[PDB]
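# Structural features, examined
Next come the chains, spelled out residue by residue.
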2 protein chains.
Amino acid sequence: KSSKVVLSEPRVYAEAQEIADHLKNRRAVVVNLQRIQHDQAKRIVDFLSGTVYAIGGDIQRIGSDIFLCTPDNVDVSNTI
Amino acid sequence: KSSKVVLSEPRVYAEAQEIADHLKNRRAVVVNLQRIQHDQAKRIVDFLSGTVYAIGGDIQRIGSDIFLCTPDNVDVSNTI
């Protein structure tokens, strides 16, 4: 009865695979593309947009070029 | 057997209380201070730094003036 949050900073769709592999284990991942080139960041998001959904997870934008990836076993909300 | 991620954007320690109250329910919170004034953002972090720890949780910086708050029931790691 526990969860995980993993900080992931890929530079290419090929490395973004690691994010999906974490999701397959019902882990949450923190994706920061702030230091990632325009084309690199895009390819990562495009990759994840397909893959993350397909494997039960989803993507939440939480800041400037920063996203989270979570499995179906995690809810998303907000507050102020 | 589930977890939650809540996006929280307080403007003052007084509102940051909501973050702690989520932690008390074993929820994760996403704290984005990018749009929050220097003094406001500081007071929030200072508040959380004490409170979040005290109630079993912790704080992870994941981006520019962006933090997560998690309970003791969540692990933190990274990958590239």
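Residues numbered from 1 in each chain as written, not as in the entry; some residues may be left out. Chains lettered and ligands numbered in written order. Heavy atoms only, no water.

Structure determination for this PDB entry was carried out by solid-state NMR, as recorded in the header.

### As for the overall build of chain A
Using the following cut-off: Only DSSP runs of H or I with at least four residues qualify as helices, and only runs of E with at least two residues qualify as strands; both kinds are numbered from the N terminus onward. Two things to know: the radius of gyration comes from C-alpha atoms, and the globule rule equals 2.2 Å times the number of residues to the power 0.38. Only protein chains enter the calculation, and the probe is 1.4 Å; a residue is then buried if its accessible area is under 20% of its type maximum, exposed if over 50%, and partly exposed in between. Two residues form a contact once any of their heavy atoms are found within 4.5 Å. A positive count includes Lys and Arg, and a negative count includes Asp and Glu. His and the chain ends are not counted in either. Positions of charges follow a simple convention, taking NZ of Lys, CZ of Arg, CG of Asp or CD of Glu.
The helix and strand inventory of chain A stands at two helices and five strands. From first element to last, N terminus to C terminus, chain A shows the α and β order β-α-β-α-β-β-β. Rg of the C-alpha trace for chain A: 12 Å, near the compact-globule value of 12 Å for 80 residues, within the 12% margin. Each of the three principal axes of chain A carries a C-alpha extent, and together these read 35 × 30 × 20 Å. Each of the 80 residues in chain A was classed as buried or not, and the buried ones make up 42%. Residue pairs at least 24 apart in sequence account for 51% of intrachain contacts in chain A once pairs closer than 6 positions are excluded. For chain A, the distance from the average site of its 10 positive side-chain charges to the average site of its 10 negative ones is 5 Å.

### Digging into the state of the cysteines
Rules: Two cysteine sulfur atoms form a disulfide, by the criterion used here, when they sit within 2.5 Å.
On inspection of all chains with the given rule, the structure shows zero disulfides over all chains. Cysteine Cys69 of chain A is unpaired, with the sulfur of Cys69 of chain B as its nearest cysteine sulfur at 20 Å. Judged by relative accessible area, which is 1%, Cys69 of chain B ranks as buried.

### Focus on the sheet that holds strand β2 (residues 28-32) of chain B
What counts here: The pairing criterion for strands is at least two bridges between them, as found by DSSP. Orientation is described by lines fitted to C-alpha atoms, with helices fitted over the stretch in contact, and by angles between N-to-C directions that extend from 0 to 180 degrees.
As summarised here, the arrangement of the five strands in space is β5(A)-β1(B)-β2(B)-β4(B)-β3(B), forming an open sheet in which the pairing is mixed. Taken across any chain shown, the strands that pair with only one partner, and hence form the sheet edges, are β5 (74-79) of chain A together with β3 (58-63) of chain B. Each strand of the sheet is rotated relative to its neighbour by a mean of 25 degrees, with strand direction disregarded. Here β5 of chain A pairs with strand β1 (residues 3-8) of chain B via six bridges, running parallel. In the sheet register, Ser77 of chain A faces β1 of chain B, and the bridge partner there is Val6 of chain B. With respect to the sheet, helix α2 (residues 38-54) of chain B is in contact with β2, β3 and β4 (66-70) of chain B, its orientation differing from that of β3 of chain B by roughly 140 degrees.

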